[PDB]
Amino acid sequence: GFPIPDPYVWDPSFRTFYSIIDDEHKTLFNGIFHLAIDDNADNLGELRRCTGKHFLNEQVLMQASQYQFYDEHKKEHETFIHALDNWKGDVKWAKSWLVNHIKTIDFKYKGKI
């Protein structure tokens, strides 16, 4: 139930306070931004790379402090990846998925990892 940024770009309200994580989030917004303009293989691949890399890195930082809610978080990550690997062109869904994942799921680890 959060606003979908237009243009679809990362903004400080999505800040987790983990500099590296925030920078990775910036890439995810950009990847979706282009996918909305030109929904092709190249743009999907850019997003897919940045997404797989971010999710893995974020998982590693969560594991570094044995984050209590890692298991549920990882399943969320898997659902988005699955959606990108069986891409049906729903850019609006992806836009809202990333917004909600960061503000509701990623925010849960604030001060815990």
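The first residue of the shown sequence is 1; numbering continues from there.
- Of the two segments examined, 83 to 91 and 41 to 49, it is 83 to 91 that shows the higher average Cα temperature factor in the deposited entry.
- Per-stretch averaging of Cα B factors for 17 to 25 and 92 to 100 places 92 to 100 on top.
- In the deposited entry, the Cα temperature factor of residue 33 places it in the middle third of its chain's modelled residues.
- Among the modelled residues of the chain, residue 72 sits in the highest third by CA temperature factor in this PDB entry.
- When the CA B factors of the chain's modelled residues are split into thirds, the value for residue 2 lands in the highest one.
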